[PDB]
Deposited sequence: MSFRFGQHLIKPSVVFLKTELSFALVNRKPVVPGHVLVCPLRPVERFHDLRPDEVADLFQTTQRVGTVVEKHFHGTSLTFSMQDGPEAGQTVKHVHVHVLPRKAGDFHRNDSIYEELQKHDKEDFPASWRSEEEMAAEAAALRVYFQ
């Protein structure tokens, strides 16, 4: 299961899932700890998600942010939603990019992704 634009994302890669949201790992992480949080519903633009699915995606992000900046040794994070194609979007889903940051600071197998997912899954126990 798990939708993400035109393609599905395997549970094996999903490390969090809420009532209205779900979080997963990037196949090509800009930096380590790069993880996304997208609404469960596959709406293409922000203003499309209800006001409920707007709290969940961001309350979740909140966690996913603190559970990833931790496990990757960041000292802060950078969040950024690319809404609309003039914004740079390429997957047609609303979704937040959470990246853990380090002072003056990538492709990988499904299996390696399955581990990153598995590792993180633990901080949400």
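Regions left out of the model, expressed as runs of the deposited sequence counted from 1: 1, 107-127 are the stretches of the deposited chain that have no C-alpha coordinates in the structure.
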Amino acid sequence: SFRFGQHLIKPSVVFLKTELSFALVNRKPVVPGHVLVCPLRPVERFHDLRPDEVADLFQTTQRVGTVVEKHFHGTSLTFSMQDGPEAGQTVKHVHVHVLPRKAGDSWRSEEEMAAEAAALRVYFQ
From here on, numbers count along this sequence of modelled residues.
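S106 coordinate gap across at least a third of other entries: Across the compared entries, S106 is left out in at least a third.
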